[PDB]
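Dumped entry39.cif below, it's mmCIF, C-alpha atoms and all ligand atoms:
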```cif
data_final
loop_
_atom_site.group_PDB
_atom_site.id
_atom_site.type_symbol
_atom_site.label_atom_id
_atom_site.label_comp_id
_atom_site.auth_asym_id
_atom_site.auth_seq_id
_atom_site.Cartn_x
_atom_site.Cartn_y
_atom_site.Cartn_z
ATOM 1 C CA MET K 1 -62.085 -20.233 -110.526
ATOM 2 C CA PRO K 2 -59.653 -18.754 -113.059
ATOM 3 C CA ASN K 3 -57.642 -16.129 -111.219
ATOM 4 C CA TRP K 4 -54.296 -15.531 -109.554
ATOM 5 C CA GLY K 5 -52.603 -12.388 -110.813
ATOM 6 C CA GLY K 6 -49.444 -11.537 -108.907
ATOM 7 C CA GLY K 7 -48.037 -10.144 -105.681
ATOM 8 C CA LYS K 8 -44.959 -9.623 -103.542
ATOM 9 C CA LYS K 9 -43.035 -11.986 -101.297
ATOM 10 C CA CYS K 10 -42.784 -11.172 -97.610
ATOM 11 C CA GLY K 11 -39.379 -12.460 -96.573
ATOM 12 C CA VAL K 12 -40.373 -11.652 -93.012
ATOM 13 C CA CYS K 13 -43.476 -13.705 -92.318
ATOM 14 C CA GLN K 14 -42.767 -15.719 -95.444
ATOM 15 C CA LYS K 15 -46.148 -14.906 -96.935
ATOM 16 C CA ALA K 16 -46.891 -13.623 -100.418
ATOM 17 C CA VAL K 17 -48.330 -10.122 -100.406
ATOM 18 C CA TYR K 18 -51.565 -9.984 -102.364
ATOM 19 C CA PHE K 19 -50.649 -6.551 -103.670
ATOM 20 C CA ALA K 20 -51.812 -4.277 -100.877
ATOM 21 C CA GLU K 21 -48.849 -2.772 -99.065
ATOM 22 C CA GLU K 22 -45.745 -4.807 -99.800
ATOM 23 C CA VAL K 23 -43.477 -2.463 -97.879
ATOM 24 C CA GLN K 24 -40.212 -2.321 -99.787
ATOM 25 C CA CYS K 25 -36.810 -1.951 -98.167
ATOM 26 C CA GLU K 26 -33.109 -2.335 -98.856
ATOM 27 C CA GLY K 27 -33.081 -5.504 -100.927
ATOM 28 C CA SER K 28 -36.166 -6.719 -99.101
ATOM 29 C CA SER K 29 -39.877 -6.208 -98.563
ATOM 30 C CA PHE K 30 -42.383 -7.055 -95.856
ATOM 31 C CA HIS K 31 -46.049 -6.562 -95.051
ATOM 32 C CA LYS K 32 -47.223 -3.246 -93.656
ATOM 33 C CA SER K 33 -48.099 -4.630 -90.244
ATOM 34 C CA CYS K 34 -45.022 -6.812 -90.550
ATOM 35 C CA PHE K 35 -42.877 -3.711 -90.886
ATOM 36 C CA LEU K 36 -42.765 -2.813 -87.211
ATOM 37 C CA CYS K 37 -39.835 -1.707 -85.085
ATOM 38 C CA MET K 38 -38.697 -5.002 -83.610
ATOM 39 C CA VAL K 39 -37.067 -2.952 -80.877
ATOM 40 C CA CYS K 40 -39.654 -0.641 -79.362
ATOM 41 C CA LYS K 41 -42.294 -2.834 -80.959
ATOM 42 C CA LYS K 42 -43.816 0.195 -82.642
ATOM 43 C CA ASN K 43 -45.064 -0.068 -86.205
ATOM 44 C CA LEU K 44 -42.730 1.534 -88.718
ATOM 45 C CA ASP K 45 -44.689 3.126 -91.537
ATOM 46 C CA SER K 46 -42.525 6.105 -92.415
ATOM 47 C CA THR K 47 -39.046 7.267 -93.345
ATOM 48 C CA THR K 48 -36.161 7.620 -90.919
ATOM 49 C CA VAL K 49 -36.421 3.850 -90.703
ATOM 50 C CA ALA K 50 -33.501 1.441 -90.756
ATOM 51 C CA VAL K 51 -33.040 -2.269 -91.340
ATOM 52 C CA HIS K 52 -30.939 -4.993 -89.763
ATOM 53 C CA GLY K 53 -30.094 -8.680 -89.930
ATOM 54 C CA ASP K 54 -33.512 -10.109 -90.707
ATOM 55 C CA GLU K 55 -35.082 -7.303 -88.710
ATOM 56 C CA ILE K 56 -36.237 -3.701 -88.830
ATOM 57 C CA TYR K 57 -35.535 -0.843 -86.449
ATOM 58 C CA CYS K 58 -36.459 2.824 -86.309
ATOM 59 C CA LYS K 59 -33.673 5.358 -86.684
ATOM 60 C CA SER K 60 -33.766 6.412 -83.050
ATOM 61 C CA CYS K 61 -33.655 2.819 -81.867
ATOM 62 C CA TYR K 62 -30.796 2.293 -84.291
ATOM 63 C CA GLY K 63 -28.944 5.277 -82.877
ATOM 64 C CA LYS K 64 -29.751 3.846 -79.467
ATOM 65 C CA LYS K 65 -28.183 0.442 -80.002
ATOM 66 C CA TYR K 66 -25.383 1.884 -82.100
ATOM 67 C CA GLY K 67 -24.994 5.013 -80.008
ATOM 68 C CA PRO K 68 -22.394 4.964 -77.222
ATOM 69 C CA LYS K 69 -23.027 4.194 -73.571
ATOM 70 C CA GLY K 70 -20.933 6.600 -71.533
ATOM 71 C CA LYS K 71 -17.599 7.122 -69.820
ATOM 72 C CA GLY K 72 -15.826 4.995 -67.240
ATOM 73 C CA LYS K 73 -14.289 5.869 -63.893
ATOM 74 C CA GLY K 74 -10.954 6.947 -62.465
ATOM 75 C CA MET K 75 -8.946 6.301 -59.323
ATOM 76 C CA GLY K 76 -7.041 7.893 -56.465
ATOM 77 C CA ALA K 77 -4.450 7.243 -53.785
ATOM 78 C CA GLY K 78 -2.659 8.699 -50.785
ATOM 79 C CA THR K 79 -0.639 7.799 -47.713
ATOM 80 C CA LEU K 80 1.390 9.287 -44.887
ATOM 81 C CA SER K 81 3.004 8.258 -41.621
ATOM 82 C CA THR K 82 5.532 9.585 -39.135
ATOM 83 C CA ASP K 83 6.477 9.457 -35.473
ATOM 84 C CA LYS K 84 9.521 10.027 -33.296
ATOM 85 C CA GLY K 85 10.673 11.450 -29.983
ATOM 86 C CA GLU K 86 11.617 9.588 -26.826
ATOM 87 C CA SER K 87 14.182 10.072 -24.085
ATOM 88 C CA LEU K 88 14.335 10.058 -20.303
ATOM 89 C CA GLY K 89 16.665 9.155 -17.461
ATOM 90 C CA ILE K 90 17.910 10.130 -14.022
ATOM 91 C CA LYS K 91 20.231 8.980 -11.262
ATOM 92 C CA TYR K 92 21.628 10.070 -7.917
ATOM 93 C CA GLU K 93 23.542 8.979 -4.839
ATOM 94 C CA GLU K 94 24.564 10.011 -1.344
ATOM 95 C CA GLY K 95 27.001 9.252 1.452
ATOM 96 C CA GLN K 96 27.011 9.160 5.235
ATOM 97 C CA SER K 97 29.037 10.007 8.318
ATOM 98 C CA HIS K 98 29.705 8.568 11.756
ATOM 99 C CA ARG K 99 30.463 9.795 15.255
ATOM 100 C CA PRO K 100 33.105 8.399 17.620
ATOM 101 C CA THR K 101 32.854 8.212 21.392
ATOM 102 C CA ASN K 102 34.814 9.954 24.121
ATOM 103 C CA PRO K 103 35.901 8.575 27.502
ATOM 104 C CA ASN K 104 35.066 10.045 30.889
ATOM 105 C CA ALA K 105 37.139 11.295 33.799
ATOM 106 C CA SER K 106 36.970 10.804 37.548
ATOM 107 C CA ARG K 107 36.677 13.147 40.505
ATOM 108 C CA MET K 108 37.494 13.270 44.199
ATOM 109 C CA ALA K 109 35.572 14.121 47.347
ATOM 110 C CA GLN K 110 35.577 13.772 51.115
ATOM 111 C CA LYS K 111 33.628 14.935 54.145
ATOM 112 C CA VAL K 112 33.030 13.635 57.649
ATOM 113 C CA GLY K 113 31.280 14.721 60.825
ATOM 114 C CA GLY K 114 30.534 13.773 64.413
ATOM 115 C CA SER K 115 27.657 11.620 65.601
ATOM 116 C CA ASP K 116 28.042 7.916 66.278
ATOM 117 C CA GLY K 117 26.095 4.685 66.582
ATOM 118 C CA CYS K 118 24.693 2.401 69.255
ATOM 119 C CA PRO K 119 27.017 -0.579 69.741
ATOM 120 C CA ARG K 120 24.352 -2.017 72.010
ATOM 121 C CA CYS K 121 21.339 -2.348 69.742
ATOM 122 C CA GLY K 122 23.310 -1.605 66.598
ATOM 123 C CA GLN K 123 21.256 1.340 65.404
ATOM 124 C CA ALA K 124 22.720 4.801 64.950
ATOM 125 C CA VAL K 125 23.066 7.542 67.538
ATOM 126 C CA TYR K 126 22.838 11.271 66.933
ATOM 127 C CA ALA K 127 21.177 13.569 69.441
ATOM 128 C CA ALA K 128 17.751 12.908 70.909
ATOM 129 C CA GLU K 129 19.118 9.810 72.600
ATOM 130 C CA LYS K 130 22.888 9.961 72.300
ATOM 131 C CA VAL K 131 25.051 9.130 75.291
ATOM 132 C CA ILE K 132 28.821 9.116 75.636
ATOM 133 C CA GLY K 133 30.419 6.877 78.237
ATOM 134 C CA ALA K 134 33.374 4.556 78.698
ATOM 135 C CA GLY K 135 34.845 6.367 75.718
ATOM 136 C CA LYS K 136 31.978 5.179 73.552
ATOM 137 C CA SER K 137 28.570 6.245 72.298
ATOM 138 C CA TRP K 138 25.226 4.536 72.768
ATOM 139 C CA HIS K 139 21.542 5.206 73.321
ATOM 140 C CA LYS K 140 20.870 6.887 76.645
ATOM 141 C CA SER K 141 18.043 4.374 76.775
ATOM 142 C CA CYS K 142 20.038 1.242 76.047
ATOM 143 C CA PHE K 143 23.158 2.413 77.840
ATOM 144 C CA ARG K 144 22.601 0.507 81.063
ATOM 145 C CA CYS K 145 24.525 -1.409 83.700
ATOM 146 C CA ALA K 146 25.748 -4.721 82.337
ATOM 147 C CA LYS K 147 25.382 -6.149 85.822
ATOM 148 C CA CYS K 148 21.981 -5.116 87.122
ATOM 149 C CA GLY K 149 20.673 -3.787 83.828
ATOM 150 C CA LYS K 150 19.761 -0.525 85.518
ATOM 151 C CA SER K 151 20.003 2.213 82.917
ATOM 152 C CA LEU K 152 22.829 4.690 83.377
ATOM 153 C CA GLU K 153 23.458 8.304 82.445
ATOM 154 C CA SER K 154 27.099 9.336 82.527
ATOM 155 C CA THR K 155 28.491 9.979 85.987
ATOM 156 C CA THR K 156 26.510 7.433 87.967
ATOM 157 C CA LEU K 157 27.728 5.073 85.270
ATOM 158 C CA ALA K 158 31.022 3.227 85.542
ATOM 159 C CA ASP K 159 33.222 2.511 82.547
ATOM 160 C CA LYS K 160 35.239 -0.590 83.348
ATOM 161 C CA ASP K 161 37.809 -0.832 80.582
ATOM 162 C CA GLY K 162 35.073 -0.505 77.988
ATOM 163 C CA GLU K 163 32.427 -2.191 80.107
ATOM 164 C CA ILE K 164 29.662 -0.128 81.665
ATOM 165 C CA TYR K 165 27.958 -0.484 85.026
ATOM 166 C CA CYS K 166 26.265 1.411 87.831
ATOM 167 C CA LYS K 167 28.136 3.246 90.562
ATOM 168 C CA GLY K 168 26.743 0.648 92.937
ATOM 169 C CA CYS K 169 28.424 -1.961 90.771
ATOM 170 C CA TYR K 170 31.649 -0.020 90.373
ATOM 171 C CA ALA K 171 31.727 0.337 94.141
ATOM 172 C CA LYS K 172 30.613 -3.129 95.175
ATOM 173 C CA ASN K 173 32.805 -4.750 92.548
ATOM 174 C CA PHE K 174 35.583 -2.896 94.329
ATOM 175 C CA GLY K 175 34.281 -2.604 97.872
ATOM 176 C CA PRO K 176 36.359 -2.456 101.062
ATOM 177 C CA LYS K 177 36.856 -5.288 103.524
ATOM 178 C CA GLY K 178 35.125 -5.845 106.843
ATOM 179 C CA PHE K 179 36.090 -7.157 110.260
ATOM 180 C CA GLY K 180 34.923 -10.513 111.566
ATOM 181 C CA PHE K 181 33.519 -11.686 114.880
ATOM 182 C CA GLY K 182 32.931 -14.800 116.949
ATOM 183 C CA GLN K 183 31.052 -16.148 119.944
ATOM 184 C CA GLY K 184 31.870 -17.270 123.466
ATOM 185 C CA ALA K 185 30.474 -19.679 126.029
ATOM 186 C CA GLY K 186 29.481 -19.145 129.644
ATOM 187 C CA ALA K 187 29.039 -22.003 132.086
ATOM 188 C CA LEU K 188 26.385 -23.876 134.028
ATOM 189 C CA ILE K 189 26.017 -26.385 136.838
ATOM 190 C CA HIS K 190 24.434 -29.807 137.161
ATOM 191 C CA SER K 191 21.893 -31.202 139.595
ATOM 192 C CA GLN K 192 19.782 -34.332 139.874
HETATM 193 ZN ZN ZN P 1 -45.292 -10.242 -93.746
HETATM 194 ZN ZN ZN P 2 -38.067 1.763 -82.454
HETATM 195 ZN ZN ZN P 3 20.687 1.355 71.464
HETATM 196 ZN ZN ZN P 4 24.823 -2.389 88.284
#
```

Could you take the file, read its structure, and then write that structure out as structure tokens?
Amino acid sequence: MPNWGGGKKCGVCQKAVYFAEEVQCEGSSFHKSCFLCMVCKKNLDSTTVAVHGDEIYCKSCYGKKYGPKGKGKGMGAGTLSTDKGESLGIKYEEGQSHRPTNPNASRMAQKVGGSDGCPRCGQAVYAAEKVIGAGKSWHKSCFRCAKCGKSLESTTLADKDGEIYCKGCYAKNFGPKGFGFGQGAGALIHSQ
């Protein structure tokens, strides 16, 4: 019954150490198992150990948290632009000409011949059937007596002041005269 003794005070777990380990530290002390890197979670039962605000950390860890991180970054830039050149054009023209007109001249001419026409039928007369009579020309076929109708030739024909007839007509028309005659009367007797 009578017993107690002494021990340490674990300011970590808040339990009194029954004199066994009572790990001491900078103005502090915790149980052995208690004294464990609260970072890596690995027990810390050796030197090279560090402490911290109500906590314990192994050197390394300490140098890890305390240690730096690294460097930052930088930057850059750049730009450029240019352009030019443009020109073009052209033009032209032309004229024209004309052409006037010139008048014309006249000429002369003349030429005649023989031959004639048929004043009877009306057609023309030139050889083949051309007759000349009464100082006129006509078709030897048409050329006939304008009294009997009997066709003529030239001589046998008779040109009466333009007119044309047959000798028989030219003669008769202008025939000679003839003597006349009469009758007498004998005598007889009567009886019964
Ligand atoms: Zn403890
Ligand atoms: Zn650690
Ligand atoms: Zn004729
Ligand atoms: Zn006749």

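Residues in contact with ligand ZN 1 (chain P) (atom pairs separated by at most 12 Å; all atoms listed in the file) are residues 8, 9, 10, 11, 12, 13, 14, 15, 16, 17, 18, 19, 20, 21, 22, 23, 24, 28, 29, 30, 31, 32, 33, 34, 35, 36 and 55 of chain K.
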
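Using only C-alpha atoms and all ligand atoms, we find that the residues with an atom at most 8 Å from any atom of ligand ZN 2 (chain P) are residues 37, 38, 39, 40, 41, 42, 44, 57, 58, 59, 60, 61 and 62 of chain K.
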
Expected file contents, prior selection, C-alpha atoms, as a PDB file, keeping the file's coordinate frame:
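Final output, saved to result-v3.pdb:
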```
ATOM      1  CA  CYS K  37     -39.835  -1.707 -85.085  1.00  0.00           C
ATOM      2  CA  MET K  38     -38.697  -5.002 -83.610  1.00  0.00           C
ATOM      3  CA  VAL K  39     -37.067  -2.952 -80.877  1.00  0.00           C
ATOM      4  CA  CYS K  40     -39.654  -0.641 -79.362  1.00  0.00           C
ATOM      5  CA  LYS K  41     -42.294  -2.834 -80.959  1.00  0.00           C
ATOM      6  CA  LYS K  42     -43.816   0.195 -82.642  1.00  0.00           C
ATOM      7  CA  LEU K  44     -42.730   1.534 -88.718  1.00  0.00           C
ATOM      8  CA  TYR K  57     -35.535  -0.843 -86.449  1.00  0.00           C
ATOM      9  CA  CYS K  58     -36.459   2.824 -86.309  1.00  0.00           C
ATOM     10  CA  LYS K  59     -33.673   5.358 -86.684  1.00  0.00           C
ATOM     11  CA  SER K  60     -33.766   6.412 -83.050  1.00  0.00           C
ATOM     12  CA  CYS K  61     -33.655   2.819 -81.867  1.00  0.00           C
ATOM     13  CA  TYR K  62     -30.796   2.293 -84.291  1.00  0.00           C
TER      14      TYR K  62
END
```

Given the PyMOL selection byres (((not hetatm)) within 10 of (chain P and resi 3)) and the file above, list the residues it selects as a count of residues only.
20

Which residues of chain K have any atom within 6 Å of an atom in ligand ZN 4 (chain P) when counting all atoms listed in the file, and what is the closest pair of atoms for each, with the distance in Å to one decimal? Order the rows by chain and rising number and write it as JSON lines.
```
{"residue": "K:145", "atom": "CA", "partner": "P:ZN4", "partner_atom": "ZN", "distance": 4.7}
{"residue": "K:147", "atom": "CA", "partner": "P:ZN4", "partner_atom": "ZN", "distance": 4.5}
{"residue": "K:148", "atom": "CA", "partner": "P:ZN4", "partner_atom": "ZN", "distance": 4.1}
{"residue": "K:165", "atom": "CA", "partner": "P:ZN4", "partner_atom": "ZN", "distance": 4.9}
{"residue": "K:166", "atom": "CA", "partner": "P:ZN4", "partner_atom": "ZN", "distance": 4.1}
{"residue": "K:168", "atom": "CA", "partner": "P:ZN4", "partner_atom": "ZN", "distance": 5.9}
{"residue": "K:169", "atom": "CA", "partner": "P:ZN4", "partner_atom": "ZN", "distance": 4.4}
```

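With CA of residue 178 in chain K on one side and CA of residue 158 in chain K on the other, the separation reads 23.5 Å.
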
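As for CA of residue 163 in chain K and CA of residue 146 in chain K, they are spaced 7.5 Å apart.
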
Mind giving me the straight-line distance from CA of residue 170 in chain K to CA of residue 156 in chain K in Å, one decimal?
9.4 Å
